[PDB]
Amino acid sequence: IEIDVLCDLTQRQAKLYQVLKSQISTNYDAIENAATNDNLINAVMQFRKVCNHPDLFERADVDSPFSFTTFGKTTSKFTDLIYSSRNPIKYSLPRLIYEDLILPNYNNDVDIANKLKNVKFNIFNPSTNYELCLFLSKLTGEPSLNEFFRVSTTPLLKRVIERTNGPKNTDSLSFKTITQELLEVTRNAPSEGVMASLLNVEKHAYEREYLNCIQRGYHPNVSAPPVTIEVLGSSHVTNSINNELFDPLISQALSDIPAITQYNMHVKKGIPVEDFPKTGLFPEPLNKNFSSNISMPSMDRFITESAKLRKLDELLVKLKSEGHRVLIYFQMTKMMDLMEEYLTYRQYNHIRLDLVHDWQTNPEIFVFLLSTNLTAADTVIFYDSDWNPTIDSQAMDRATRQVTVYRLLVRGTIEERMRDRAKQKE
Amino acid sequence: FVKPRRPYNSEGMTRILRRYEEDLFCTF
Amino acid sequence: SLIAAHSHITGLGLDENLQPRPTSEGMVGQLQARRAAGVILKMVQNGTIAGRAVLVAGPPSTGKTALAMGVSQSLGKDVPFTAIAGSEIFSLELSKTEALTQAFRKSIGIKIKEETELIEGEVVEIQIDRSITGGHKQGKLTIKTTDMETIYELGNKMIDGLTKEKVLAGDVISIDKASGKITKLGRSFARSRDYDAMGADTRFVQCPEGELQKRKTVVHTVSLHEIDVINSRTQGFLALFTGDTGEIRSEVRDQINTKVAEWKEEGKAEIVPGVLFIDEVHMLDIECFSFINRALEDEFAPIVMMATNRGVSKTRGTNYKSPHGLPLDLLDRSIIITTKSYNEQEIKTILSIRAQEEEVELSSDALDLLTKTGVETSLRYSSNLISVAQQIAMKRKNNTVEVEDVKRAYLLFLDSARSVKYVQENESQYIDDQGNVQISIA
Amino acid sequence: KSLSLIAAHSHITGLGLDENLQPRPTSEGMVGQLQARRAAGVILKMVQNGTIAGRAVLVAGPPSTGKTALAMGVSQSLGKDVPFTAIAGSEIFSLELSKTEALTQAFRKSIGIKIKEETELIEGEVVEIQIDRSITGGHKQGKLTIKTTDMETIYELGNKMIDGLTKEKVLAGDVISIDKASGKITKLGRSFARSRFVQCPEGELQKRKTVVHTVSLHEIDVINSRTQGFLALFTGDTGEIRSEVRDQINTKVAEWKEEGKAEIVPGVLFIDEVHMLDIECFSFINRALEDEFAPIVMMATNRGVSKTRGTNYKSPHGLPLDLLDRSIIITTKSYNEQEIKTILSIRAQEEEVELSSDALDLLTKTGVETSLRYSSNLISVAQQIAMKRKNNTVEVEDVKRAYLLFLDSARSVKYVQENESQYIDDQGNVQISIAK
Amino acid sequence: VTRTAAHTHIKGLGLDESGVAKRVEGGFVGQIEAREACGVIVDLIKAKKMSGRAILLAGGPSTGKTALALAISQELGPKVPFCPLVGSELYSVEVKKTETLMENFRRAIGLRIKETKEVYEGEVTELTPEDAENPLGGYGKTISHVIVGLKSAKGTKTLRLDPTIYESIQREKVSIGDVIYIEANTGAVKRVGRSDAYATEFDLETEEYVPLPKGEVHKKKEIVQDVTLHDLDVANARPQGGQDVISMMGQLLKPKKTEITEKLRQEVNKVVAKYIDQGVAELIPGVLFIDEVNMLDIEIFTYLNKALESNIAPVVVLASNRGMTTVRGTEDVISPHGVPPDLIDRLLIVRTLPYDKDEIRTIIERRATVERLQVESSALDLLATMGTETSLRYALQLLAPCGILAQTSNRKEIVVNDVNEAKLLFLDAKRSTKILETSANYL
Amino acid sequence: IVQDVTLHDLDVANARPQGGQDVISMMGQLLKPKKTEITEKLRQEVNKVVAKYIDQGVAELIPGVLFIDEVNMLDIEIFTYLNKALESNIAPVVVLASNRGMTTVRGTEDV
Ligand SMILES: Nc1ncnc2c1ncn2[C@@H]1O[C@H](COP(=O)(O)OP(=O)(O)O)[C@@H](O)[C@H]1O
Ligand SMILES: Nc1ncnc2c1ncn2[C@@H]1O[C@H](COP(=O)(O)OP(=O)(O)O)[C@@H](O)[C@H]1O
Ligand SMILES: Nc1ncnc2c1ncn2[C@@H]1O[C@H](COP(=O)(O)OP(=O)(O)O)[C@@H](O)[C@H]1O
């Protein structure tokens with residue numbers, strides 16, 4: 001029984017077709033019957049390896065941003081790591097600039113002017129300016145009068161981190177607006193609440209639109225560290241930029257302490273719980289697929305990225321009662337990748353090059369991959385690459401008594417051109 | 001043979017336990 | 001919710017042979033425009049041609065927005081229909097091309113098919129273990145039914161969804177794996193422990209029977225712009241709601257185009273093309289028209305529905321004057337549906353349909369007076385007078401609105417032309433265009 | 001050189017001048033404009049003297065007469081270690097910075113400070129690294145055998161070197177450069193032990209060196225302005241640097257020059273198409289050259305008596321009168337036939353394979369007739385259609401084919417004039433249809 | 001089945017080997033000299049040796065400049081980058097117009113790189129921290145080392161990480177019993193999913209289950225990548241990817257386009273030149289298509305004549321629709337194609353010519369076959385007459401509504417009655433303008 | 001307890017991120033608030049949940065008037081937006097006041 005199925009070119013297969021079809025002047029060589037005629041031959045095998053499937057001639061590796069780094073590599077009872085990624089751009093500074101502008105010095109006036117402009121003349125100083133501090137203490141209801149001097153002299157990220165939960169004075173002019181009362185009244189609220197359900201629409205839109213199972217669609221192409229600054233001949237610059245790149249309060253704030261460690265200080269070392277360095281302030285990503293930019297190569301993308309393997313797995317899903325064979329000369333002896341495909345995911349009882357007697361005792365183990373009187377197999381899938389039907393008939397001569405033909409085709413590729421000349425020859 | 005269950009490392013933790021008759025809380 | 005100016009139009013009033021009925025689906029008149037709008041609707045429902053610009057032309061008070069909104073009503077649910085106006089493009093955070101691109105990406109939709117899993121049973125035992133600071137969580141949940149019992153592990157999101165809307169042992173809950181939703185159906189065991197804090201006890205439900213894990217497949221619709229902004233930044237889900245998304249790079253656009261085509265070919269996604277409707281498109285700028293004429297030539301471009309009420313008018317940002325305010329290169333791309341003014345029978349049908357939708361019992365002679373007023377002045381004035389006349393009849397305690405209510409409403413409220421004559425009669429009382437006025441009576 | 005493809009000014013390797021500043025007729029890729037080239041040589045010797053502050057020169061003339069070629073020749077003949085900033089008139093209209101701020105940044109990018117610093121460096125090949133990593137506590141110890149062609153020695157390594165060598169994993173045979181002060185090792189490569197590759201280092205380990213550092217004043221201004229780090233030099237969000245830190249940097253630079261641990265290197269700022277600046281920018285340039293730390297500004301314009309932007313009156317060269325008063329003007333002239341032939345000869349010599357002589361004469365005739373730049377653009381496409389004919393040389397008929405395909409300005413203008421209703425005019429009228 | 005986007009009928013320039021143009025190939029009808037000039041330009045691109053070469057595709061509407069630009073992109077191949085643009089793109093409310101121009105310029109230039117990455121991956125059998133000595137001091141981290149047990153097929157190693165690596169390890173919520181993937185180039189780590197050695201039918205978090213990774217740990221993998229020069233610039237300006245607090249904080253912020261300084265571009269060029277000479281980089285210069293160049297004002301053109309004269313600038317192609325019009329941004333300069341005379345000397349004008357009736361008829365035929373609607377001959381001739389009479393575009397856009405009316409009439413054939421009904425329902429620009437002229441309601 | 005809120009209160013409450021307390025929300029609290037373009041999706045979800053609790057019978061919706069004085073001074077694009085904002089479902093009545101007579105509309109030439 002003869003059947004034929006024709007398939008559309010998939011997206012990655014078509015883009016590989018176009019990028020290796022361009023060249024300089026190909027003049028459509030493979031469909032100019034160069035395979036029929038007898039460099040041209042290199043283009044012919046390139047077009048064949050593209051037109052079958054990508055992973056039969058190069059591996060689809062991981063999807064990662066390009067690491068713009070100069071990390072410690074190797075030439076190839078524990079192996080240890082230190083994070084040593086640096087940008088290749090080295091901005092070099094003279095030592096005179098640092099040692100005469102940034103650091104204090106006996107002939108420099110950095111520390112004196114710093115104190116004189118930040119402490120002696122700060123308008124929130126209670127030692128000189130009491131009434132202004134008392135003015136804001138009446139306004140904002142602050143318990144301590146040095147708090148304005150503390151806020152005025154603290155970096156923004158650090159001031160964000162040590163956020164105080166202490167309530168203010170109750171005689172203040174800080175009158176809590178109705179939106180703050182609405183947010184605080186639903187801070188830990190159940191469902192089936194009238195004010196509860198009004199004030200969370202993002203969680204309703206999350207649960208309704210199934211955002212917990214969506215996939216990553218974009219990854220950046222290049223990822224880089226901050227550009228390294230390289231001052232020669234000083235360790236103070238090394239200490240300063242190592243402290244600024246890895247400030248332990250900021251790094252620990254974007255972190256989490258391990259649980260057995262929290263056991264160790266809370267019970268074993270007796271540290272009070274509120275004196276822990278605070279953690280867990282890094283924002284939660286939208287999904288598990290959105291956590292990191294590295295994308296693993298998926299088995300299902302191997303299944304779906306081919307014009308012919310998709311309909312092939314559809315066909316062996318449909319075909320169960322008859323053991324079948326594949327002409328592996330559609331890619332010139334490529335057993336390996338189909339082997340990995342059908343013992344990775346589509347696992348079956350299998351035999352591949354006593355060998356001929358194993359598949360006739362029972363049809364549960366299929367004959368599967370052989371390179372072309374063994375017609376005792378129930379069927380055989382011989383499909384294309386035949387610009388000559390002589391090898392086709394000699395392959396089906398080897399092949400129960402019933403023979404069945406399964407033909408595969410891809411439109412737009414060279415199979416239409418060799419398989420329209422050879423169609424009239426049959 | 002049926003694969004074993006994943007290991008459950010819960011050392012270093014408080015415990016909320018809610019049962020049919022009564023609810024517990026183990027703390028440190 | 002509320003009755004608006006376009007409350008009555010439910011469909012395009014169209015038969016299956018693309019021929020408009022005289023009066024159906026809350027519409028009347030404009031038979032050729034209705035047939036052309038139905039042709040565009042069938043084009044959208046086929047969904048295989050991209051970037052067909054359609055322009056509607058006509059005088060004001062003709063039914064252009066009624067035609068477009070009838071297209072949106074008959075278009076069916078879960079297919080996108082943006083209804084932007086011309087003035088909304090000019091922003092301080094986006095560029096105009098960026099705003100047009102975002103409207104274009106909003107108009108095109110993706111029907112993601114997802115495989116999910118439902119569990120529903122009686123909760124046996126919870127074993128939430130938390131760290132000392134409470135940041136890291138892991139637990140074991142135990143759930144049974146009449147048939148069988150299973151022990152499941154727990155993650156961070158499931159534990160925090162069990163904590164909020166707090167679940168005790170004795171409850172019947174339902175969990176969807178793909179969305180992570182928690183639905184406490186009620187309390188079944190009715191346990192003897194009654195803490196004095198709990199005052200809200202859920203209603204009794206029979207504990208469920210059958211297998212816990214039931215396979216389920218669901219489909220949800222997300223537009224291209226939402227996927228674009230979700231992949232744009234780390235916190236992109238907020239930027240749907242706050243709208244702080246902006247000047248999004250072209251890299252995420254092309255990568256999402258490739259990924260969308262990928263999800264299309266493996267069968268995960270089924271793209272439904274939508275309709276972008278730009279009311280008062282004469283309000284736009286020449287740079288916007290340039291981007292519009294170059295933006296319809298992509299595969300991810302919807303059918304664009306355009307409306308104008310201008311004659312030969314000045315194209316904005318330019319010295320010259322063009323038909324409909326639209327330049328010639330854009331006018332050549334578009335295909336124009338025309339609309340023509342009404343007569344007394346069509347206007348009578350309009351106010352009858354409106355007063356049916358305005359729950360007003362109008363007398364026949366008052367209806368004739370309203371039709372003469374509508375032909376005399378405008379359709380919108382006689383549409384607006386019905387609710388006022390209803391209120392006046394309510395003040396006199398008669399349900400049926402009569403002729404004297406219509407005359408009192410006509411005397412109390414002024415239309416366009418009478419107000420123009422009243423301004424022209426005693427123009428010194430109003431502030432002149434040169435800023436001159438006389439505010440004293442002597 | 002970085003990555004450089006063939007550009008318009010690629011043949012210019014500097015001013016073709018002798019020692020007495022007399023221009024050779026054809027040297028260093030540049031031919032003609034001998035009075036202008038002598039003037040540019042005098043300005044080059046001004047900049048190389050470095051004792052004159054804040055002069056402005058105006059390279060004015062007809063289009064395609066080599067003004068940008070003259071400026072690129074000055075920049076090439078200046079060499080490196082002298083700052084050069086080439087901006088256009090459309091750059092300084094910033095959406096975040098004001099016009100005078102962008103002009104001040106461009107002024108201070110072309111003034112440079114030269115500092116000589118002597119550091120310490122140890123660079124060799126690792127024969128063998130051993131670590132006695134019996135870590136009973138946090139302490140560890142190890143020894144390092146480092147070799148050059150004339151050195152072979154063993155070192156006792158402290159704990160911080162062991163930490164620094166655990167990362168950047170050094171095997172035996174690798175070539176490393178160690179900075180003892182900062183503890184940063186750099187893996188230059190692996191020596192010749194194949195059985196990326198680099199040569200084994202020469203002798204005298206632990207050799208001090210002088211690395212001459214030249215930084216501009218803009219970078220010192222960005223650093224000293226305290227809330228912007230050096231990442232503003234890459235991100236571009238410097239954001240309106242205040243005047244007081246500029247005054248502090250000027251006083252510190254004067255102190256460094258007086259006490260002799262820094263040398264100031266003046267540079268050249270080039271403004272291409274200066275006629276697009278506003279009158280405010282002309283006022284700031286008008287009063288910006290009186291600072292001692294002001295570079296030698298080059299301005300190039302090709303406009304006649306035109307309006308000044310931001311005003312409504314007309315002025316010579318597109319510039320107001322006081323700015324023309326505060327600048328000396330270099331004039332440039334057009335080219336005759338032989339200059340066009342020499343320029344096309346040089347550009348075709350560098351750009352591609354040789355031409356037949358009658359084809360070169362046809363190029364010279366077309367360049368005289370239409371434009372020099374049009375013929376220079378015809379050269380490459382004529383060569384490509386010659387390769388499509390599979391011939392090495394470029395004949396006359398390839399030039400005829402390229403002349404038939406690629407129009408110049410005059411043929412395009414004329415052909416627009418006979419086909420008017422097919423195109424869109426100022427009033428937006430166009431006959432798209434071809435019938436009636 | 002497949003959506004048509006008014007250009008799907010175009011597959012290439014359709015030239016022959018010697019540079020001559022076949023009359024029918026690739027969906028092109030006519031425009032022989034334009035196709036030959038564009039093929040010469042394609043050959044010039046594939047030469048990959050020039051910088052800042054520019055062409056202007058002059059012509060009227062309905063002529064095929066945009067078709068020629070996408071034909072250039074189809075002939076060149078997806079490996080070499082192609083950056084389409086509209087002239088209204090260059091006006092941004094967040095950054096200068098000129099910096100948007102140079103950002104598109106370096107979007108056009110491509111790069112081909114091959115990089116080897118040190119990779120650690122395997123199943124997490126052991127994960128035990130080491131506590132610090134003085135935890136409440138806060139000037140160090142709360143831990144000192146983390147010992148990680150990684151197991152895969154054929155190899156098994158124990159991993160003593162720095163705390164900064166364990167930051168990313170805890171940020172991906174790595175538990176015991178999942179397959180992870182440490183990239184040692186940047187310190188990023190990806191949690192693949194829970195290992196399938198254990199039971200996989202009891203979780204509630206729809207996790208994906210992965211087999212044990214093949215090969216040893218410490219796999220050194222070489223991958224090939226295609227990036228642009230602009231993407232290097234935007235990665236170095238906004239440094240996301242490191243494991244320092246600058247990079248972790250730079251991920252969270254909303255990005256704004258900033259004026260990328262020239263110094264960053266020279267440093268990126270120096271690094272790329274080192275990659276070229278080292279042997280893993282090969283430069284792929286590309287093509288940038290500025291459509292509707294009349295909409296650009298004088299400032300962009302003034303900066304463009306200097307930006308084209310750099311050593312790295314790609315080949316830009318330009319399209320113009322207008323004739324002898326005034327330049328935007330000025331009120332006195334009257335110039336061809338909306339392009340100032342300063343730029344036009346750098347520019348190589350490629351003219352395009354309008355169509356005849358037979359060319360219009362064949363274009364309608366091919367567009368109908370691409371849209372999978374078969375037409376009758378008299379209806380095709382009628383549509384050709386309307387295309388000559390109204391415009392080519394109106395005859396193109398009318399093809400789908402008569403198809404819709406044909407499916408309405410329960411037949412697959414387009415007749416002249418469907419064309420007449422498309423005339424009666426929808427109108428072109430000319431009849432609409434006359435209807436505006438006769439009416440007094442300002443219709 | 002009966003509490004009365006406006007729809008703008010609900011929109012600005014949903015728009016700013018409540019809960020979380022993870023760097024971004026705390027930086028948003030410490031920095032100056034920025035008026036942002038509230039998209040239609042947020043308003044649609046707010047209208048959906050409000051209509052749901054109206055149909056439950058526990059909430060009551062009461063429209064209020066909006067008084068815009070000196071309406072002669074709005075630009076033409078504001079009127080263009082108001083033409084379709086007035087046609088929307090939930091928008092209330094609006095009271096307009098003008099004292100000028102025969103005058104040109106601001107934002108256009110000779111209307
Ligand atoms: N065919 C119709 N069916 C129903 N209502 C109509 C029809 N034509 C006009 N109307 C009414 O006329 C009014 C004006 O229509 P609309 O398109 O909204 O404004 P305009 O016509 O001024 O653009 C609307 O309120 C609409 O209800
Ligand atoms: N004297 C010269 N020597 C060599 N090349 C020249 C000379 N003058 C002009 N050119 C070339 O002519 C082309 C255009 O000249 P250009 O520098 O644009 O003139 P201008 O600066 O006056 O506009 C450039 O490629 C330039 O190299
Ligand atoms: N040479 C051609 N062959 C076939 N179709 C063409 C050709 N030139 C233009 N077209 C068609 O005409 C339409 C206009 O093309 P485009 O270049 O985008 O606009 P314009 O021609 O006005 O620049 C396109 O839809 C295209 O399908």
# chains A, B, ... in the order shown; residues from 1 in each chain; ligands from 1
call {"tool": "select_by_dssp", "arguments": {"residues": "chain F", "states": "helix (DSSP H, G or I)", "output": "JSON, numbers by chain"}}
result
{"F": [7, 8, 9, 10, 11, 12, 13, 14, 15, 24, 25, 26, 27, 28, 29, 30, 40, 41, 42, 43, 44, 45, 46, 47, 48, 49, 50, 51, 52, 53, 54, 55, 56, 71, 72, 73, 76, 77, 78, 79, 80, 81, 82, 83, 84, 85]}
call {"tool": "residues_around", "arguments": {"residues": "residue 14 of chain B", "least_positions_apart": "6", "cutoff": "12 Å", "atoms": "only C-alpha atoms", "output": "mmCIF file with N, CA, C and O atoms, in the first residue's frame"}}
result
data_model
loop_
_atom_site.group_PDB
_atom_site.id
_atom_site.type_symbol
_atom_site.label_atom_id
_atom_site.label_comp_id
_atom_site.auth_asym_id
_atom_site.auth_seq_id
_atom_site.Cartn_x
_atom_site.Cartn_y
_atom_site.Cartn_z
ATOM 1 N N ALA A 259 18.973 28.417 56.334
ATOM 2 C CA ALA A 259 18.102 28.134 57.474
ATOM 3 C C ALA A 259 18.872 27.579 58.665
ATOM 4 O O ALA A 259 18.595 27.943 59.816
ATOM 5 N N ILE A 260 19.839 26.696 58.413
ATOM 6 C CA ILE A 260 20.615 26.134 59.512
ATOM 7 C C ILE A 260 21.555 27.186 60.086
ATOM 8 O O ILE A 260 21.904 27.146 61.274
ATOM 9 N N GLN A 262 20.554 30.373 60.379
ATOM 10 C CA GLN A 262 19.642 31.119 61.241
ATOM 11 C C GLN A 262 19.374 30.379 62.544
ATOM 12 O O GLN A 262 19.271 31.011 63.603
ATOM 13 N N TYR A 263 19.274 29.042 62.482
ATOM 14 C CA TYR A 263 19.400 28.215 63.683
ATOM 15 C C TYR A 263 20.646 28.543 64.480
ATOM 16 O O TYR A 263 20.566 28.697 65.702
ATOM 17 N N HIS A 266 20.435 32.082 66.054
ATOM 18 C CA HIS A 266 19.285 32.319 66.922
ATOM 19 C C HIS A 266 19.317 31.438 68.163
ATOM 20 O O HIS A 266 18.864 31.858 69.233
ATOM 21 N N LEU B 24 -0.953 22.753 66.068
ATOM 22 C CA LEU B 24 0.275 22.914 66.833
ATOM 23 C C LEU B 24 1.111 24.055 66.267
ATOM 24 O O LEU B 24 0.796 24.629 65.225
ATOM 25 N N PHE B 25 2.190 24.376 66.981
ATOM 26 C CA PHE B 25 3.198 25.327 66.517
ATOM 27 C C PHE B 25 4.471 25.045 67.286
ATOM 28 O O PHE B 25 4.511 25.239 68.502
ATOM 29 N N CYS B 26 5.504 24.607 66.585
ATOM 30 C CA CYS B 26 6.801 24.330 67.181
ATOM 31 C C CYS B 26 7.752 25.445 66.781
ATOM 32 O O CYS B 26 7.941 25.703 65.588
ATOM 33 N N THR B 27 8.348 26.100 67.769
ATOM 34 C CA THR B 27 9.145 27.289 67.530
ATOM 35 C C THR B 27 10.474 27.176 68.255
ATOM 36 O O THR B 27 10.779 26.167 68.895
ATOM 37 N N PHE B 28 11.272 28.234 68.135
ATOM 38 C CA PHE B 28 12.597 28.265 68.723
ATOM 39 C C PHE B 28 12.813 29.548 69.505
ATOM 40 O O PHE B 28 13.597 29.587 70.449
ATOM 41 N N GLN C 127 1.872 20.692 57.029
ATOM 42 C CA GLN C 127 3.152 20.621 57.725
ATOM 43 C C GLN C 127 4.071 21.741 57.261
ATOM 44 O O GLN C 127 5.191 21.505 56.803
ATOM 45 N N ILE C 128 3.575 22.978 57.314
ATOM 46 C CA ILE C 128 4.362 24.130 56.881
ATOM 47 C C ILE C 128 5.549 24.314 57.809
ATOM 48 O O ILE C 128 5.386 24.496 59.021
ATOM 49 N N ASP C 129 6.751 24.247 57.250
ATOM 50 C CA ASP C 129 7.974 24.527 57.984
ATOM 51 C C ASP C 129 8.588 25.800 57.431
ATOM 52 O O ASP C 129 8.847 25.899 56.230
ATOM 53 N N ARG C 130 8.819 26.769 58.297
ATOM 54 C CA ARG C 130 9.384 28.037 57.878
ATOM 55 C C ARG C 130 10.703 28.261 58.591
ATOM 56 O O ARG C 130 10.966 27.673 59.641
ATOM 57 N N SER C 131 11.519 29.144 58.030
ATOM 58 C CA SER C 131 12.753 29.523 58.688
ATOM 59 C C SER C 131 12.459 30.496 59.827
ATOM 60 O O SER C 131 11.308 30.830 60.120
ATOM 61 N N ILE C 132 13.526 30.955 60.483
ATOM 62 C CA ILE C 132 13.369 31.844 61.630
ATOM 63 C C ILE C 132 12.889 33.222 61.186
ATOM 64 O O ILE C 132 11.962 33.790 61.774
ATOM 65 N N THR C 133 13.481 33.766 60.128
ATOM 66 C CA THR C 133 13.010 35.027 59.577
ATOM 67 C C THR C 133 11.734 34.883 58.764
ATOM 68 O O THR C 133 11.120 35.898 58.424
ATOM 69 N N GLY C 134 11.330 33.659 58.429
ATOM 70 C CA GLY C 134 10.134 33.434 57.652
ATOM 71 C C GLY C 134 10.296 33.605 56.161
ATOM 72 O O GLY C 134 9.308 33.474 55.431
ATOM 73 N N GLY C 135 11.505 33.902 55.682
ATOM 74 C CA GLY C 135 11.692 34.146 54.262
ATOM 75 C C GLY C 135 11.577 32.894 53.415
ATOM 76 O O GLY C 135 10.932 32.903 52.365
ATOM 77 N N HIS C 136 12.194 31.803 53.854
ATOM 78 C CA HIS C 136 12.241 30.569 53.083
ATOM 79 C C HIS C 136 11.254 29.581 53.687
ATOM 80 O O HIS C 136 11.227 29.396 54.906
ATOM 81 N N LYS C 137 10.451 28.951 52.835
ATOM 82 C CA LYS C 137 9.368 28.090 53.280
ATOM 83 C C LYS C 137 9.383 26.779 52.511
ATOM 84 O O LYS C 137 9.706 26.753 51.323
ATOM 85 N N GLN C 138 9.047 25.692 53.203
ATOM 86 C CA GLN C 138 8.788 24.404 52.573
ATOM 87 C C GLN C 138 7.820 23.631 53.451
ATOM 88 O O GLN C 138 7.888 23.711 54.676
ATOM 89 N N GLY C 139 6.913 22.886 52.826
ATOM 90 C CA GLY C 139 5.886 22.194 53.571
ATOM 91 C C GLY C 139 5.452 20.918 52.884
ATOM 92 O O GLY C 139 5.906 20.591 51.787
#
call {"tool": "residues_near_ligand", "arguments": {"ligand": "ligand 2", "cutoff": "7 Å", "atoms": "only C-alpha atoms and all ligand atoms", "output": "ChimeraX atom specification"}}
result
/D:8-9,12,29-33,61-69,343,372-373
call {"tool": "residues_near_ligand", "arguments": {"ligand": "ligand 3", "cutoff": "6 Å", "atoms": "only C-alpha atoms and all ligand atoms", "output": "list in words"}}
result
residues 6, 7, 27, 28, 29, 30, 31, 61, 62, 63, 64, 65, 66, 67 and 363 of chain E
call {"tool": "write_last_selection", "arguments": {"atoms": "C-alpha atoms", "output": "compact mmCIF listing (two decimals), in the first residue's frame"}}
result
# COMPACT_ATOMS: atom_id res chain seq x y z
CA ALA E 6 1.66 43.05 0.84
CA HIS E 7 5.20 41.81 0.17
CA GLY E 27 7.44 38.23 -8.10
CA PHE E 28 9.00 41.26 -9.79
CA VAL E 29 7.45 42.74 -12.91
CA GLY E 30 9.49 45.33 -14.75
CA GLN E 31 11.90 47.80 -13.14
CA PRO E 61 4.20 56.15 -5.25
CA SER E 62 3.16 52.61 -6.25
CA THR E 63 6.58 52.13 -7.81
CA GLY E 64 8.57 49.65 -5.74
CA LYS E 65 11.34 51.29 -3.68
CA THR E 66 10.22 49.51 -0.49
CA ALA E 67 9.89 46.35 -2.59
CA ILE E 363 1.08 42.35 -10.72
call {"tool": "interface_residues", "arguments": {"of": "chain E", "to": "chain D", "cutoff": "7 Å", "atoms": "only C-alpha atoms", "output": "ChimeraX atom specification"}}
result
/E:18-19,33,37,40,43-44,49-52,60-61,95-96,98,237,258-261,263-264,269-270,273,299,302-303,309-312,321-326,336,344-346,348-350,388-391
call {"tool": "closest_residue", "arguments": {"among": "D:285, D:340, D:271, D:113", "to": "residue 58 of chain D", "atoms": "only C-alpha atoms"}}
result
D:271
call {"tool": "residues_near_ligand", "arguments": {"ligand": "ligand 1", "cutoff": "6 Å", "atoms": "only C-alpha atoms and all ligand atoms", "output": "PyMOL selection string"}}
result
chain C and resi 5-6+27-30+60-66+350
call {"tool": "select_by_dssp", "arguments": {"residues": "segment 220-257 of chain C", "states": "strand (DSSP E)", "output": "short mmCIF file (atom, residue, chain, number, x, y, z; two decimals) with C-alpha atoms, in the first residue's frame"}}
result
data_model
loop_
_atom_site.label_atom_id
_atom_site.label_comp_id
_atom_site.auth_asym_id
_atom_site.auth_seq_id
_atom_site.Cartn_x
_atom_site.Cartn_y
_atom_site.Cartn_z
CA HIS C 220 -6.34 32.13 27.54
CA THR C 221 -5.91 35.18 25.34
CA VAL C 222 -3.00 37.61 25.70
CA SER C 223 -2.18 40.39 23.26
#
call {"tool": "interface_residues", "arguments": {"of": "chain D", "to": "chain A", "cutoff": "8 Å", "atoms": "only C-alpha atoms", "output": "ChimeraX atom specification"}}
result
/D:115,117,119-120,166-171,179-183,213,220,224,231
call {"tool": "closest_atom_pairs", "arguments": {"of": "chain B", "to": "chain A", "cutoff": "9 Å", "atoms": "only C-alpha atoms", "output": "tab-separated table"}}
result
residue	atom	partner	partner_atom	distance
B:10	CA	A:259	CA	8.8
B:11	CA	A:260	CA	6.7
B:12	CA	A:260	CA	4.5
B:13	CA	A:259	CA	6.6
B:28	CA	A:267	CA	7.3
